[PDB]
Each structure stands twice: as structure tokens, then as C-alpha cells.
Amino acid sequence: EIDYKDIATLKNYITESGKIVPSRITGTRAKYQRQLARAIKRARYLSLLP
Amino acid sequence: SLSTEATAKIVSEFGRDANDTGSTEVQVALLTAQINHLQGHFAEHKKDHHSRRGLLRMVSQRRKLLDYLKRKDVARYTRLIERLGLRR
Amino acid sequence: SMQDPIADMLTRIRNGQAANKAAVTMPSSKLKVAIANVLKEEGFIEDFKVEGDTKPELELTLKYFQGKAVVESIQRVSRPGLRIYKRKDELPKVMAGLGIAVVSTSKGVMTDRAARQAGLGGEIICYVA
Amino acid sequence: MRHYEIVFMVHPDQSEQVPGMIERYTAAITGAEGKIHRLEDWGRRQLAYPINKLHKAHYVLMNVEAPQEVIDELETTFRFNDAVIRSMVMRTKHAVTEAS
RNA sequence: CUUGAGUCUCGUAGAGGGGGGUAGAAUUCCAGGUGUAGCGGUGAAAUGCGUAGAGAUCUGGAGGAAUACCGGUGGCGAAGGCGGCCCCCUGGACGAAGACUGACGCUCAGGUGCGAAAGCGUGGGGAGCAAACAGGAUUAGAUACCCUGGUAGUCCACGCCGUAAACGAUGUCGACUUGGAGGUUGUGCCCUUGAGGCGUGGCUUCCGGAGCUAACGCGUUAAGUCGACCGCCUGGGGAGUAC
């Protein structure tokens, strides 16, 4: 349902330095976690984020 | 990896009718198509070993099906091993 | 089961007895039905019933005197790996005659007493007790 | 023949030859039996880190549907061309055409 | 014959594998300035650097290694083991209905293949490190410990090796036997809101019942109850040694 391009729901899952927030404090179902992390990693390497 | 269209063609061309997916001729023809193509794969890379294992399963299972044919009906078996080019 | 369906049936019987199960089921064979006949005519089970046409199922009904199962042991004797055949003068007494041996004779599957009577031995299927 | 998603940044320095490059590659794909299902531009956003001593890049994503092979020469050109430093090509796993 | 086994049709998850390029963090020197009494370390100095400009700064380079968060009670793989991103090729697994075959099976001595690390050989590569080796002091003497450099190696290609506490110290396959607590991944019914409520599979972690066990424990992923086949054991040492 959710992919990398929509930068909206990524800033809430990140810190200032660009570290992906652990699912231990978010609540993510552990499938959306893998896809979400792939999204942040793609965006960082696509350089929306550091 | 082998495409759906190719499986349909093989099931037709070795099957006793349409959608006889499970006879020994159909099974062996699918396995032999897959052997040939993968032998294409491993020619270029000889240093893939986890995939080559699946290929040994293909070869082994195809020998087991051909042995079942030979034991059951010799006539269809001998028609197959050249009508498909096998036991070279 | 995979190779010995008759040790499968005995394993089901003694596992269901130690589980205090009322009835066990298993895929039927005609020799499973034969041994079941021997047991229910020896009072080791209540009853059985084979339902199904392409997939018959044998419905053994286990038997408890109070809270204790009627069968103490039921052990496969001749298995694939050792077939056991006895001549009628060397048919086995199972627990000094208090328990049966079911043998396969050439006049069918009978108990051990019946076989030593009719003067013919055969393949020893199991010991029940 | 299954969906891709080309994403490529054209630098403001490289912003000189945006249409030429885009149209040349679209023509190559169309001649290569490839039809664009969607296309949009995200302007010149801001770059989190000063990549290649610059802070701006005009983000154009073209995301065509293409066969197995016709993509290799495109990335070959991208490596051989200075127009875009990084053009990353994507997959679908499904059928999606609409943009957002 | 169709229940085992397989073929098919459709989807799902995955650090499964081989390739191909790919980017930064850190990394050292150089390329310069910015700067002059320090850099350095142990049981302690010292050895080694530096005032010839030494470190750090930003600046660009060089090049190799490895991919911090995610990350896990996670996952995939026969095992070894697999972790940046993206493409190509590829393997296996699982779930839902249906179709097809028609016992086509299980296990396997011999055999064959894969197989950490070190190592070897052949070519390279060498940013850090680091057996050897090289300074200092050791300590009862020091070839202690240490710190300072440091080469093989580590990395890549090909070939060899074929070994590990290669371990769950638990062979493979099938069947049957009470529960409770989870995780991961499908899927059906009904909330047709996203989860949901109720199922239903596969994998997986932990308690525990009977049973079993010498005990510890195991306990439906059994070390229970059985069946098929294989491997293996027979007091300790000598010795996995000699031939």
C-alpha cells in the first residue's frame, strides 16, 4: 500500500540524522517494516534524505 | 522459471489431450525443457552451486520418471526417448 | 502406514488406549478388517465399522474395564524385516494363554488357540494381551 | 515486458539539455517496442547531502513498461552520459500505472 | 484404484545463489593554507613520530576494506552459511481451489557432489589489521605480558585442500498421542473501514501433561508410542597413534 516516493510518512519513521526508527516503539506488523525500511533506504540513496 | 506459454505448448504437444498436465510424457518433457535451459544458465556461470542443486533434482526426477515408463510401458518409453531425443 | 500398515493399526490402538480415546480410525484394508474381527470376537474391542467406497475407513471402538484399557500390550511380531511363521506345534502362548496371538493361517486369520486346534500354523501377526 | 520506474536527477548545471535527453530516450524506448504508461516531474527539489558538490537537482521520473533487454543500453548510456549521475530503474511485482 | 509421490493452474514471503555495475559513512597519504611544542604509550617508561611545521580544520584526490539505523524473540538455505541500494540470470519453499498421472515410493553400503577458518599454488591487489620478524622494559632471568612498527595472510580470479565444539554434541522418512503462551508467513467466513471476530494452513520460540529418562531433561519441531532403511558403539590410557 505504501512505497518510497511519498516523503510524508517517512519523516515520522526517521530521526534528524536519517536513522530508521525501530519497530519496537512504532508498531508496524513486521511486514510493513521491511517494505518501509526499503523505502527509506531507496530514498536516502535517491537522496531525499541523508 | 519456464514460461506459462511454453508449459502450455509442451502439455499440448506431448499430452494425450489438452490439460493432461500429469502424465509421464508431459512430466518428462517439461523436465527436459527445463534441463536444457538451465544448462544454458550454468554454462555462463559455473560457480552457482545453490541453483545447480535444483537442476540435479530436475535430472534425478526425470530419470525416475523415465524408469517408471520403461518398466510400465516399453512402447511409449521407446517412442519418447527419441521423439524427445533422450538416453543419448 | 508408509511401509507397515499393520503396525500402524496396532500403534493406533495402543496410543488411543493410553490416550483414553473412545474410538480410533485408520484407512482400512481387508487384513485390517480381519484382525479387527479377531479382536472383537476375543473381547479386546467393542466393535468396528468400515465406511467409504473409494476411501474406506475402519472405525475401531476401544474398550475400558473401568478407567483402564482392556489391552495391556499389543505388539507387532512379524514385520517387514522379519516375517515370522510358525508350525502349528510351535505357535506361541501369549501370557500363558491369557492373551492371544493372531496368526494368519491358510484358512484365514484366526487366533492362536483356534489355529493350534485346527492343526495349522502360519504367519504370526501380533501378540495381544 | 513488465513495469519499470525510471528515476533520474538532472542537475541545474545539467538542466541545459533536459528535453533533448528525455525525448531521445523516449524515442529509443518507443522504437524498442516500449510504451510509456505514465510520466511526471517533481521539479527541482532540495538535496539532503551536497551530492557532487551541488544542492539542487531536477527530479524527472519516466517509468515506462519495457521488455527484459531494452533497459540495459539505457543504463549503459546513463553511465556513459553526464546528464544524470544516478538513474535507478525499478520493478513492479504487479500492475500499476497511476501516478501521485 | 487413488489416499503416498508427482505434473499443472494462480499468488506470497524471503540476508537462497551467480553475475553486473552502483553510493556514502569511516580509512591513510598526498595535494595547501591554517601551527609550533608537541604525537605517541605501558606494571612503568620506552621504542618509534615531531619543531625540517609534526596533529586537527576545511579542501579535492587517491584506494581498499566493510555496509552503522532497519536488525528481531526476524528470515532464507541440505549443511557450510547468507545482511547497502538496483538490474539480469537463477534455486527452493508455502497457500487456495481445480485438473492430471496413476505407487511413479522411502532409505541407501559403495559412488558422486557441496563444504567455516586457517592453509597451499598460481596471478593480481593491498586503507585498517596482523601470526612471523624487527626497538624499548619486563622477570626469578624474558624469547613475560606490553606498547611501536610490521610481512605472509586477510581481499579478487582460478586450481588444491576437505577439516571445525562442521553442535540441537539429537541420521532420514512416515504414522499416532493431552495442553498453555508466543513469533513469522499465507489464506476462508463474517466486522466487506485497517487491523478487526471467528477459522484454517506452513515455519518457528517457550512452558508443561501423560509417557519416557540415571538424572538433567525431552515432551505433537519428542528424548513418547511405533514402522522402514542407513550410520555408528562395546572399560580408561596407548591412540585417531604406528603400519
Side-chain angles (χ1 to χ4, degrees), chain A residues 1 13-15 17-24 27-31 33-34 36-47 50, chain B residues 1 4 7-8 11 15-31 37-38 40-42 44-58 61 64-69 71-72, chain C residues 1-21 24 26-27 52 54-57 74-76 79-81, chain D residues 4 7 49 51 53 68-69 71-72 75-76 78-79 85-91 93-94:
Chain A
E1 276 164 293
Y13 294 116
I14 298 169
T15 190
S17 290
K19 300 289 94 176
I20 299 171
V21 65
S23 76
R24 315 299 99 80
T28 300
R29 308 312 167 86
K31 209 202 317 198
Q33 186 56 81
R34 271 86 58 90
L36 183 63
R38 293 180 181 177
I40 296 89
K41 291 174 70 175
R42 272 184 204 204
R44 298 225 281 270
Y45 286 165
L46 188 153
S47 180
Chain B
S1 169
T4 300
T7 70
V11 176
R16 311 154 199 161
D17 63 358
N19 278 34
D20 179 60
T21 44
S23 66
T24 316
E25 283 103 305
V26 188
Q27 297 205 49
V28 171
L30 280 71
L31 274 296
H37 182 74
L38 270 295
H41 170 270
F42 293 100
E44 61 86 20
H45 294 88
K46 293 179 179 179
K47 66 182 177 66
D48 203 3
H49 293 303
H50 294 87
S51 294
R52 187 180 296 275
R53 174 176 173 85
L55 173 74
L56 272 295
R57 183 180 63 83
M58 286 169 195
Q61 170 177 326
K64 273 171 197 198
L65 275 298
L66 282 181
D67 279 10
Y68 165 59
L69 282 174
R71 196 194 65 236
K72 190 70 136 73
Chain C
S1 59
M2 183 177 176
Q3 287 177 48
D4 191 25
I6 292 312
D8 204 355
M9 169 191 165
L10 315 186
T11 296
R12 295 212 198 214
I13 291 187
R14 89 172 83 72
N15 283 9
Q17 289 275 26
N20 305 315
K21 290 293 220 56
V24 308
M26 73 291 291
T54 187
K55 296 172 179 307
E57 293 179 353
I74 186 180
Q75 273 315 297
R76 190 75 208 274
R79 36 180 201 91
Chain D
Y4 292 88
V7 170
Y49 49 101
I51 191 158
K53 211 57 67 188
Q68 284 68 239
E69 191 270 327
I71 188 54
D72 196 9
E75 71 95 21
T76 310
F78 305 153
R79 290 176 61 188
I85 294 299
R86 291 193 297 274
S87 312
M88 66 180 289
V89 60
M90 183 74 75
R91 295 292 300 274
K93 182 63 67 68
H94 46 67

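Naming convention: chains lettered A, B, ... in sequence-line order (proteins, then strands); numbering from 1 in each chain.
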For residues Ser47(A) and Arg86(D), report the shortest heavy-atom separation together with the two atoms involved.
CB-NH2, 4.3 Å
Nearest of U184(E), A23(E), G21(E) to any side-chain atom of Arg79(D)?
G21(E)
Suppose the criterion is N1-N3 plus one more Watson-Crick contact, or the two G-U wobble contacts, each under 3.5 Å; do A157(E) and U122(E) qualify?
yes
Whole-Å distance between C86(E) P and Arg42(A) CZ?
4 Å
Syn/anti state for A140(E) [syn: chi within 90° of 0]:
syn
With the threshold set at 4.0 Å, does a side-chain nitrogen-carboxylate oxygen contact exist between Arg12(C) and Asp8(C)?
yes
Stacked pair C191(E)/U192(E), ring centres under 5.5 Å, planes under 30°
no
Distance in angstrom units between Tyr13(A) OH and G71(E) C1', rounded:
17 Å
Ignoring hydrogens and angles, answer whether the base of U7(E) and the side-chain atoms of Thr21(B) contain a donor-acceptor pair closer than 3.5 Å.
yes
Consider the side chain of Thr11(C), meaning its heavy atoms from C-beta on, and name the nucleotide among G14(E), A175(E), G115(E) that approaches it most closely.
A175(E)
Roughly how far apart, to the nearest Å, are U47(E) and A137(E) at atom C1'?
10 Å
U172(E) vs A228(E): Watson-Crick/wobble pairing, cut-off under 3.5 Å:
yes
Nucleotide of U184(E), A175(E), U7(E) approaching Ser1(C) most closely (side-chain heavy atoms)
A175(E)
Given the cut-offs of 5.5 Å for six-ring centres and 30° for planes, are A15(E) and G16(E) stacked?
no
Taking only the side-chain heavy atoms of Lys19(A) (C-beta and beyond), determine which of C87(E), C176(E), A68(E) contains the nearest atom.
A68(E)
Just curious, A54(E) north or south if you read off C1'-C2'-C3'-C4'?
north
Considering only heavy atoms and no angle criterion, is a donor-acceptor pair shorter than 3.5 Å present between the side chain of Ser1(B) and the base of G91(E)?
no
Which way does the sugar of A13(E) pucker, north or south, judged by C1'-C2'-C3'-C4'?
north
From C1'-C2'-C3'-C4' (positive north, negative south), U112(E) puckers north
Is the closest side-chain heavy-atom distance between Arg76(C) and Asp4(C) below 4.5 Å?
yes
Pairwise P distance, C160(E) and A116(E) [rounded to whole Å]
13 Å
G21(E) and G121(E): how far apart are their P atoms, nearest whole angstrom?
30 Å
Does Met90(D) reach a base, just sugar-phosphate, or nothing at all? Heavy atoms under 4.0 Å.
sugar-phosphate
State the syn/anti category of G72(E) according to its glycosidic angle, syn meaning within 90° of 0.
syn
Pairwise P distance, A195(E) and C176(E) [rounded to whole Å]:
35 Å
Looking at the base of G17(E), is there any donor atom on it, or on the side chain of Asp48(B), that sits under 3.5 Å from an acceptor on the other one?
yes
Could a donor-acceptor pair under 3.5 angstrom be found where the side chain of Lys31(A) meets the base of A13(E)?
no
Do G224(E) and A223(E), which sit next to each other in the strand, have six-membered ring centres within less than 5.5 angstrom and planes differing by under 30°?
no
Can you work out whether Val26(B) or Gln68(D) has the more 5'-proximal nearest nucleotide on RNA chain E?
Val26(B)
Watson-Crick or G-U wobble between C94(E) and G11(E), both distances under 3.5 Å?
yes
Could you tell me whether the sugar of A166(E) is north or south, judging only by the sign of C1'-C2'-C3'-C4'?
north
Counting side-chain heavy atoms from C-beta on, which of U101(E), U7(E), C176(E) comes nearest to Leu30(B)?
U7(E)
Do the side chain of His50(B) and the base of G80(E) come within less than 3.5 angstrom through a donor-acceptor pair of N or O atoms?
yes
Taking the sign of the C1'-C2'-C3'-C4' torsion, positive for north and negative for south, which way does the sugar of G92(E) pucker?
north
If we check the six-membered rings of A175(E) and its strand neighbour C176(E), are the centres under 5.5 Å apart with planes under 30°?
yes
Closest non-hydrogen atom pair, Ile71(D) against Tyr4(D)
CG2-OH, 4.3 Å
When the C1' atoms of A239(E) and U67(E) are considered, how many whole Å apart are they?
48 Å
If I pick the P atom on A222(E) and the same atom on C173(E), what distance separates them, to the nearest angstrom?
11 Å
Comparing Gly81(C) with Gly16(C), nearest RNA chain E nucleotide closer to 5' gives the residue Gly16(C)
Under 4.0 Å from OP1 or OP2 of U7(E): is there any side-chain N or O of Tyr68(B) that close?
no
With a 4.0 Å cut-off on heavy atoms, is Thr54(C) in touch with a base, just the backbone sugar-phosphate, or nothing at all?
base
Answer yes or no: side-chain N or O of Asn15(C) and base N or O of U225(E) forming a donor-acceptor pair under 3.5 Å.
yes
Taking the P atom of each, how far is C206(E) from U221(E), in whole Å?
13 Å
Same-atom distance (P) from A140(E) to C145(E), integer angstrom:
15 Å
Does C104(E) sit syn or anti, given that only angles within 90° of 0 count as syn?
syn
So, do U177(E) and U178(E) stack if we ask for centres under 5.5 Å and planes under 30°?
no
Would you say the base of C86(E) and the side-chain of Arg86(D) have a donor-acceptor pair closer than 3.5 Å?
no
OP1 or OP2 of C226(E) sitting under 4.0 Å from any side-chain N/O of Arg76(C)?
no
